[PDB]
């Protein structure tokens, strides 16, 4: 029987972390140690500061005997919100943060940093608007105020899954813009939104 614990904790990372700007997300690390106890973790940029102040996790159940067995792993909930204005470069391949995690057991053994990747995307990547019920108008090239109100309400009614803080605007010819809270957009062409009342 081995006199001392010389083996560091083992960490399982989520494989496909995807976050949308302005929306709360969460993911879990799973950690075990041959001793059954994990003391704490470190999120870093390969040993350097994490540099992501919006990322957080609970230290609940840290450094408790039996908190990290094979049958009952330590489950660390990481969560936060990618800032609304977080820059997305021209190549969306680049809209991600590669970071590292490691963990200590209660015997001074620390694991070697392993990577996880937080991919972040514009809100319109998450949302796909359904077409509204058609609004019938007097002039296709010049909607009235009530007709624009109606169009907005129709687009809203057809899409309850879309954020309430998204703003729906309507042009003179019934073209619909949905601007999500992160200012990314979806467009609905007028021919899918309005029809001439007299012709119909």
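Residue numbers count along the first chain shown, from 1. Here the rigid core means the biggest group of C-alpha atoms that line up within 1.5 Å when the two forms are laid on top of each other.
Q: Fitting on the rigid core only, I'd like to know which of the two stretches, 123-131 or 81-89, ends up farther away in Cα terms in 6 other deposited structures of this protein.
A: The more displaced stretch in 6 other deposited structures of this protein turns out to be 123-131.
Q: Following superposition on the rigid core, is the mean squared CA displacement, expressed as RMS, greater for 49-57 or for 132-140 in 6 other deposited structures of this protein?
A: Per-stretch check in 6 other deposited structures of this protein: the more divergent one is 132-140.
Q: Using only C-alpha atoms and the B-factors in the entry, which stretch averages higher, 22-30 or 159-167?
A: So the stretch with the higher mean C-alpha B-factor is 159-167.
Q: Going by the average Cα B-factor in the PDB entry, point out whether 32-40 or 137-145 comes out higher.
A: According to the entry, 137-145 carries the higher average C-alpha B-factor.
Q: Out of 94, 102, 75, 121, whose C-alpha atom has the biggest B factor in the entry?
A: Out of 94, 102, 75, 121, the record gives the largest C-alpha B-factor to 94.
Q: Quick one: which of 130, 114, 106, 117 has the biggest Cα B-factor according to the entry?
A: The listed residue with the largest C-alpha B-factor is 130.
Q: Can you tell me which third, lowest, middle or highest, the CA B-factor of residue 191 falls into for its chain?
A: Ranked within chain, residue 191 CA B lands in the highest tercile.
Q: Please place residue 10 in the lowest, middle or highest third of its chain by C-alpha B factor as given in the entry.
A: It falls in the bottom third of the chain.
Q: Among the chain's modelled residues, which third holds the C-alpha B-factor of residue 70?
A: Middle third, going by the recorded CA B-factors of the chain.
Q: Ranking every modelled residue in this chain by its Cα temperature factor as given in the entry, which third contains residue 63?
A: Its C-alpha B-factor, which the entry lists for residue 63, ranks in the lowest third among residues of this chain.
Q: Would you check the entry's CA temperature factor for residue 172 and let me know if it's in the chain's lowest, middle or highest third?
A: Highest third - that is where residue 172 ends up once the chain's C-alpha B-factors are sorted.
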